[PDB]
Amino acid sequence: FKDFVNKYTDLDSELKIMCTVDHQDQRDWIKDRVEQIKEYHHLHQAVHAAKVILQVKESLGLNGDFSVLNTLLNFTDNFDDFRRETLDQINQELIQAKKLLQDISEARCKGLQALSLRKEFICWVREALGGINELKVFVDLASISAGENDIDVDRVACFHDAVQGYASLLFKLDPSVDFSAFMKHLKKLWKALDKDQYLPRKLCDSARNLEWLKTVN
């Protein structure tokens with residue numbers, strides 16, 4: 001079941017066909033087996049998200065010694081140790097903040113992957129842009145020099161959206177928060193990632209335009 005990822009009804013129907021091969025068994029174990037397998041899939045997904053957030057911390061210059069994700073790192077370094085284990089083997093210590101309302105549909109995880117490894121853009125946007133109020137001045141200055149071509153003028157709007165949608169993590173973030181504080185703060189980016197779902201792509205497109213962003217000044 002590497003193919004049934006994030007598929008409830010399809011997996012349910014597949015297991016119904018699986019159980020209908022022999023008429024002696026008519027039990028309803030499927031209702032719990034599908035939830036168990038999907039919990040395992042969610043554990044793997046939150047492992048990937050834990051790696052993503054570790055990269056985000058190490059790239060944003062954050063401090064606070066996140067240690068709750070160390071148990072997910074332990075869950076993902078026993079890949080060769082739990083390979084012979086059962087589906088009901090070990091506890092789950094991830095529903096607190098690292099499974100619900102932070103890793104939805106693996107898109108918000110990609111939302112953080114946008115602010116992942118690419119780092120020089122963060123340094124430049126902190127050094128040259130001090131506050132949010134300077135964004136309007138910067139975009140006004142950049143529009144007159146971008147060049148009206150319908151592809152060179154969307155670069156000053158993608159930047160304006162990707163910076164104004166990342167104000168929580170870019171400008172005002174003291175490198176002293178803990179895991180709980182960081183997860184509560186991320187629910188300020190999560191409430192803007194739904195208004196426009198192309199924020200990670202906007203940031204990734206404004207990141208490659210780093211040899212031109214250092215020209216407006």
# chains A, B, ... in the order shown; residues from 1 in each chain; ligands from 1

call {"tool": "residues_around", "arguments": {"residues": "residue 164 in chain A", "least_positions_apart": "5", "cutoff": "9 Å", "atoms": "only C-alpha atoms", "output": "PDB file with N, CA, C and O atoms, in the first residue's frame"}}
result
ATOM      1  N   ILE A 132       7.209  45.588   7.219  1.00  0.00           N
ATOM      2  CA  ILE A 132       6.146  45.409   6.237  1.00  0.00           C
ATOM      3  C   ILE A 132       5.817  46.733   5.556  1.00  0.00           C
ATOM      4  O   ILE A 132       5.541  46.774   4.351  1.00  0.00           O
ATOM      5  N   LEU A 135       7.402  47.440   2.291  1.00  0.00           N
ATOM      6  CA  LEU A 135       7.076  46.637   1.116  1.00  0.00           C
ATOM      7  C   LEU A 135       6.405  47.477   0.037  1.00  0.00           C
ATOM      8  O   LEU A 135       6.689  47.307  -1.153  1.00  0.00           O
ATOM      9  N   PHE A 159       6.530  38.830  -5.828  1.00  0.00           N
ATOM     10  CA  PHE A 159       7.314  39.224  -4.662  1.00  0.00           C
ATOM     11  C   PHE A 159       6.434  39.874  -3.603  1.00  0.00           C
ATOM     12  O   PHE A 159       6.532  39.555  -2.412  1.00  0.00           O
TER      13      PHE A 159
END

call {"tool": "residues_around", "arguments": {"residues": "residue 194 in chain A", "least_positions_apart": "4", "cutoff": "12 Å", "atoms": "only C-alpha atoms", "output": "number ranges by chain"}}
result
A: 104, 107-108, 111, 165, 187-190, 198-200

call {"tool": "select_by_dssp", "arguments": {"residues": "range 25-162 of chain A", "states": "alpha helix (DSSP H)", "output": "JSON, numbers by chain"}}
result
{"A": [30, 31, 32, 33, 34, 35, 36, 37, 38, 39, 40, 41, 42, 43, 44, 45, 46, 47, 48, 49, 50, 51, 52, 53, 54, 55, 56, 57, 58, 59, 60, 69, 70, 71, 72, 73, 74, 75, 76, 77, 107, 108, 109, 110, 111, 112, 113, 114, 120, 121, 122, 123, 124, 125, 126, 127, 133, 134, 135, 136, 137, 138, 139, 140, 141, 142, 143, 144, 145, 146, 155, 156, 157, 158, 159, 160, 161, 162]}

call {"tool": "residues_around", "arguments": {"residues": "residue 6 in chain A", "least_positions_apart": "5", "cutoff": "9 Å", "atoms": "only C-alpha atoms", "output": "list in words"}}
result
residues 38, 41, 42 and 105 of chain A

call {"tool": "write_last_selection", "arguments": {"atoms": "C-alpha atoms", "output": "PDB file, in the first residue's frame"}}
result
ATOM      1  CA  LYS A  38      -3.735   5.357   7.398  1.00  0.00           C
ATOM      2  CA  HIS A  41       0.868   6.611   6.519  1.00  0.00           C
ATOM      3  CA  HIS A  42       0.218   9.763   8.560  1.00  0.00           C
ATOM      4  CA  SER A 105      -2.685  17.634   2.610  1.00  0.00           C
TER       5      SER A 105
END

call {"tool": "residues_around", "arguments": {"residues": "residue 99 in chain A", "least_positions_apart": "5", "cutoff": "9 Å", "atoms": "only C-alpha atoms", "output": "count of residues only"}}
result
7

call {"tool": "residues_around", "arguments": {"residues": "residue 48 in chain A", "least_positions_apart": "2", "cutoff": "12 Å", "atoms": "only C-alpha atoms", "output": "short mmCIF file (atom, residue, chain, number, x, y, z; two decimals) with N, CA and C atoms, in the first residue's frame"}}
result
data_model
loop_
_atom_site.label_atom_id
_atom_site.label_comp_id
_atom_site.auth_asym_id
_atom_site.auth_seq_id
_atom_site.Cartn_x
_atom_site.Cartn_y
_atom_site.Cartn_z
N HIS A 41 0.54 5.68 7.60
CA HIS A 41 0.87 6.61 6.52
C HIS A 41 1.01 8.03 7.04
N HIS A 42 0.12 8.44 7.95
CA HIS A 42 0.22 9.76 8.56
C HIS A 42 1.48 9.90 9.40
N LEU A 43 1.91 8.83 10.06
CA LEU A 43 3.16 8.86 10.81
C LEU A 43 4.33 9.12 9.87
N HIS A 44 4.36 8.42 8.72
CA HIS A 44 5.42 8.67 7.75
C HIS A 44 5.36 10.10 7.21
N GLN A 45 4.16 10.59 6.93
CA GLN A 45 4.00 11.95 6.42
C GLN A 45 4.49 12.98 7.44
N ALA A 46 4.16 12.78 8.72
CA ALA A 46 4.63 13.69 9.75
C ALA A 46 6.13 13.54 9.99
N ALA A 50 8.50 16.61 9.82
CA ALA A 50 9.47 16.88 10.87
C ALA A 50 10.84 17.19 10.29
N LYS A 51 11.25 16.43 9.27
CA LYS A 51 12.49 16.77 8.57
C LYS A 51 12.39 18.16 7.94
N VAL A 52 11.23 18.48 7.36
CA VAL A 52 11.03 19.78 6.73
C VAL A 52 11.18 20.90 7.76
N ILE A 53 10.56 20.74 8.93
CA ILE A 53 10.61 21.80 9.93
C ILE A 53 12.00 21.88 10.56
N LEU A 54 12.72 20.76 10.67
CA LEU A 54 14.11 20.83 11.12
C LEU A 54 14.95 21.64 10.15
N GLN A 55 14.76 21.41 8.84
CA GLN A 55 15.46 22.21 7.85
C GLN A 55 15.05 23.68 7.94
N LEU A 69 10.18 17.07 18.28
CA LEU A 69 10.45 16.42 17.00
C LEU A 69 11.56 15.39 17.09
N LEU A 72 10.02 12.05 16.74
CA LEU A 72 9.76 11.69 15.35
C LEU A 72 11.06 11.29 14.65
N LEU A 73 12.16 11.97 14.97
CA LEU A 73 13.45 11.57 14.43
C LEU A 73 13.83 10.17 14.89
N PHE A 75 11.56 7.87 15.62
CA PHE A 75 10.67 7.03 14.83
C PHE A 75 11.18 6.83 13.41
N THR A 76 11.98 7.76 12.89
CA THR A 76 12.49 7.65 11.53
C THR A 76 13.95 7.22 11.45
N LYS A 98 2.06 18.22 15.53
CA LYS A 98 2.78 17.81 14.33
C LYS A 98 1.96 16.91 13.42
N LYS A 99 0.70 16.66 13.74
CA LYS A 99 -0.13 15.85 12.86
C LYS A 99 -1.40 16.56 12.43
N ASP A 103 0.00 19.95 9.10
CA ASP A 103 0.52 19.19 7.97
C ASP A 103 -0.61 18.76 7.04
N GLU A 106 -0.26 17.78 2.88
CA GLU A 106 1.14 17.89 2.47
C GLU A 106 1.41 19.12 1.62
N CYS A 109 2.99 21.57 4.37
CA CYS A 109 4.35 21.06 4.47
C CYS A 109 5.20 21.57 3.31
N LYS A 110 4.65 21.59 2.10
CA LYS A 110 5.35 22.23 0.99
C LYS A 110 5.36 23.75 1.16
N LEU A 112 6.07 25.18 3.96
CA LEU A 112 7.33 25.35 4.67
C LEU A 112 8.53 24.94 3.82
N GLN A 113 8.35 23.96 2.93
CA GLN A 113 9.42 23.60 2.00
C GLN A 113 9.80 24.78 1.11
#

call {"tool": "residues_around", "arguments": {"residues": "residue 16 in chain A", "least_positions_apart": "3", "cutoff": "12 Å", "atoms": "only C-alpha atoms", "output": "list in words"}}
result
residues 9, 10, 11, 12, 13, 19, 20, 21, 22, 23, 25, 26, 27, 28, 29, 30, 31, 33 and 34 of chain A

call {"tool": "closest_residue", "arguments": {"among": "A:161, A:211, A:150, A:178", "to": "residue 68 in chain A", "atoms": "only C-alpha atoms"}}
result
A:178

call {"tool": "closest_residue", "arguments": {"among": "A:17, A:142, A:210, A:97", "to": "residue 180 in chain A", "atoms": "only C-alpha atoms"}}
result
A:97

call {"tool": "atom_distance", "arguments": {"atom1": "CA of residue 158 in chain A", "atom2": "CA of residue 139 in chain A"}}
result
10.4 Å

call {"tool": "residues_around", "arguments": {"residues": "residue 130 in chain A", "least_positions_apart": "6", "cutoff": "12 Å", "atoms": "only C-alpha atoms", "output": "JSON list (two decimals) with N, CA, C and O atoms, in the first residue's frame"}}
result
[["chain", "number", "residue", "atom", "x", "y", "z"],
["A", 122, "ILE", "N", 16.11, 34.83, 2.18],
["A", 122, "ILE", "CA", 15.69, 35.27, 3.50],
["A", 122, "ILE", "C", 16.66, 36.32, 4.04],
["A", 122, "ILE", "O", 16.24, 37.35, 4.59],
["A", 123, "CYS", "N", 17.96, 36.08, 3.89],
["A", 123, "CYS", "CA", 18.95, 37.04, 4.36],
["A", 123, "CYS", "C", 18.79, 38.37, 3.65],
["A", 123, "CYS", "O", 18.85, 39.43, 4.29],
["A", 124, "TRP", "N", 18.59, 38.35, 2.33],
["A", 124, "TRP", "CA", 18.44, 39.60, 1.60],
["A", 124, "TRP", "C", 17.14, 40.32, 1.97],
["A", 124, "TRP", "O", 17.13, 41.55, 2.11],
["A", 136, "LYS", "N", 5.50, 48.37, 0.43],
["A", 136, "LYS", "CA", 4.83, 49.22, -0.55],
["A", 136, "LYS", "C", 5.83, 50.12, -1.27],
["A", 136, "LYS", "O", 5.77, 50.27, -2.49],
["A", 137, "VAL", "N", 6.76, 50.72, -0.52],
["A", 137, "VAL", "CA", 7.78, 51.56, -1.13],
["A", 137, "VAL", "C", 8.65, 50.74, -2.07],
["A", 137, "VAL", "O", 8.97, 51.18, -3.19],
["A", 138, "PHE", "N", 9.04, 49.53, -1.65],
["A", 138, "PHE", "CA", 9.90, 48.71, -2.48],
["A", 138, "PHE", "C", 9.21, 48.30, -3.78],
["A", 138, "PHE", "O", 9.82, 48.34, -4.85],
["A", 163, "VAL", "N", 6.04, 37.99, 0.01],
["A", 163, "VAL", "CA", 6.60, 38.62, 1.20],
["A", 163, "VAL", "C", 5.50, 39.00, 2.19],
["A", 163, "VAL", "O", 5.64, 38.78, 3.39],
["A", 167, "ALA", "N", 4.97, 37.37, 6.34],
["A", 167, "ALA", "CA", 5.38, 38.34, 7.34],
["A", 167, "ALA", "C", 5.59, 37.70, 8.71],
["A", 167, "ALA", "O", 6.39, 38.18, 9.51],
["A", 170, "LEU", "N", 9.24, 35.93, 8.36],
["A", 170, "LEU", "CA", 10.36, 36.65, 7.76],
["A", 170, "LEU", "C", 10.88, 37.78, 8.64],
["A", 170, "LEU", "O", 12.05, 37.78, 9.03],
["A", 171, "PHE", "N", 10.02, 38.74, 8.98],
["A", 171, "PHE", "CA", 10.50, 39.97, 9.61],
["A", 171, "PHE", "C", 10.52, 39.86, 11.13],
["A", 171, "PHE", "O", 11.57, 39.98, 11.76],
["A", 172, "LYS", "N", 9.35, 39.63, 11.74],
["A", 172, "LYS", "CA", 9.22, 39.66, 13.19],
["A", 172, "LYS", "C", 9.14, 38.23, 13.71],
["A", 172, "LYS", "O", 8.06, 37.65, 13.89]]

call {"tool": "atom_distance", "arguments": {"atom1": "CA of residue 85 in chain A", "atom2": "CA of residue 37 in chain A"}}
result
13.5 Å

call {"tool": "atom_distance", "arguments": {"atom1": "CA of residue 157 in chain A", "atom2": "CA of residue 212 in chain A"}}
result
14.2 Å
